[PDB]
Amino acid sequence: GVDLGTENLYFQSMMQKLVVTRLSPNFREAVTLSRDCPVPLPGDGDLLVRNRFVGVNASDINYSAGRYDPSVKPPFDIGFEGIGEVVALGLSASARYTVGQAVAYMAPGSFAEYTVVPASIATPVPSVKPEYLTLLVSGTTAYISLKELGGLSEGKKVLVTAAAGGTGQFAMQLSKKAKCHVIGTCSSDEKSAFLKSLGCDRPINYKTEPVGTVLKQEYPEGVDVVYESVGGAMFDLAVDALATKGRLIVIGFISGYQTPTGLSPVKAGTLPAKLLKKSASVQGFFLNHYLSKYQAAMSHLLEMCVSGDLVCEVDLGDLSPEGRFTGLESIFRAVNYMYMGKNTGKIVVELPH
């Protein structure tokens, strides 16, 4: 009786995908577009998803560099998230999932026309739209880290770095919803306008106005929470800008990922003493350590998105040098775009019919 997509599997036999062929943080050096790869088949507990959008993530280049498990050698698949239609599935999976259903997921190997996804990690979505993909990593990271670690409450002051980017946009909005005063950093006046449209109380274009100075002058008593994703000298300023009982959440350090080690140097020598003297913290956050909170987060985010209560800005690359990010080949360009700092919102690549 049940359609498991077996006809599809017969006829949809080969596909394109991206493959890490050499470890490097230079994505173009590391990754090759492969063709006429077999379409993988789903196991009893799996879905086979035809990706229609895939997300571009800063750590894509950490992945390509082998930094998640240095002992794992090429070749391996890449891309952290996708959205599309179920084309086939295993028998067990069919209890809860159906051929043609719109699903989104966070699992490695999304940079492919088709990806096998365990049905246990799939998220049902209303339809295949790029706004929902924005939630999977970027939204959930901001949601869970702030909920679990931010201690947010009315009137607290929150500094968000890369605030106009994929995760930053949600850290901004979610802090505003908690009635915080929100400061955001970005690299252009048009990004600052975007931030202002999300409710940012103090956008800062760091290219034209020094962040440290603004913080010293406008926030002399400091900030309560920092959503820190840049690293380096920005991390150092953030530590100095903490209020008493302040918390710096280490979300990432993109300023370092292109470097050979992937790290951005910081002034750490006096950090324990600084933290003691302010009763302040530096707090790491890795989304994969918080998967017990993921399904709830995703559900709330999805409700806010569909209801119009959350801006989910998507950058499909229409304004990039070679235009809209269409096809797996465009992933190279999109990663470049990210590392040139040109995106507003979440970078997404379309894989259309």
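Start at 1 and count along the sequence shown; that's the residue number. Throughout, rigid core stands for the largest set of C-alpha atoms superposing within 1.5 Å between the two forms.
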Fitting on the core, do the C-alphas of 263 to 271 or of 143 to 151 deviate more in 4 other deposited structures of this protein?
-> 263 to 271
Could you check whether 272 to 280 or 125 to 133 drifts more from the shown form in 4 other deposited structures of this protein, using RMS Cα distance once the core is superposed?
-> 272 to 280
Tell me which of 204 to 212 and 173 to 181 has the higher mean C-alpha B-factor in the deposited entry.
-> 204 to 212
Look up the CA B-factors in the entry and say which stretch, 127 to 135 or 73 to 81, has the higher mean.
-> 73 to 81
Just grab whichever of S192, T270, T261, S145 has the top CA B-factor as deposited.
-> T270
Which one of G327, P38, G284, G66 shows the top CA temperature factor in the record?
-> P38
If you rank the chain by CA B-factor, which third does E221 end up in: lowest, middle or highest?
-> highest
Considering only modelled residues of the same chain, in which third does the CA B-factor of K245 rank: lowest, middle or highest?
-> lowest
Chain thirds of CA B-factor: placement of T115 = middle
Considering only modelled residues of the same chain, in which third does the CA B-factor of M338 rank: lowest, middle or highest?
-> lowest
CA B-factor ranking of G165, expressed as a third of its chain = lowest
